[PDB]
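S.K.:
Right, dumping it as structure tokens:
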């Protein structure tokens, strides 16, 4: 491949219950942060921008 957001997000979302939503938001977050945490959940201290990103209701945005 040739886009690390697409590749990392496919891994990050590979065990998600709502895969299309996970891929959308992981993609948005990687476009903003240029970092995706490893594994399929947790590990967000690898990517402080990804970890801390919020939506308009103050809720965590990035899977």
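Numbering (mature numbering (1 follows the signal peptide of the UniProt record, and there is no 0)), first residue to last: 1 to 63.
Note that CB positions come from ideal geometry on N, CA and C, so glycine has one too.
1) Need the endpoints of the alpha helix (DSSP H) that residue 24 sits in, please.
2) State the DSSP-derived secondary structure class of residue 54, mapped to helix, strand or coil.
3) Taking the alpha-carbon positions, what's the residue 61 to residue 1 distance?
4) Just to confirm my understanding: we take residue 83, look at its own chain, exclude 5 residues before and 5 after, and list those with CB closer than 8 angstroms. What are they?
5) To the nearest angstrom, report how far apart residue 71 and residue 58 are at their CA atoms.
M.R.: Once the coordinates are examined:
1) Run containing residue 24: 19-33, per the alpha helix (DSSP H) assignment.
2) Of the three classes helix, strand and coil, the one that applies to residue 54 here is strand, per DSSP.
3) Distance between the alpha carbons of residue 61 and residue 1 is about 26 angstroms.
4) The displayed coordinates of the chain run from 1 to 63. Any statement about residue 83 would go beyond what the structure contains.
5) The requested residue 71 does not occur in the structure, where the chain is confined to residues 1 to 63.
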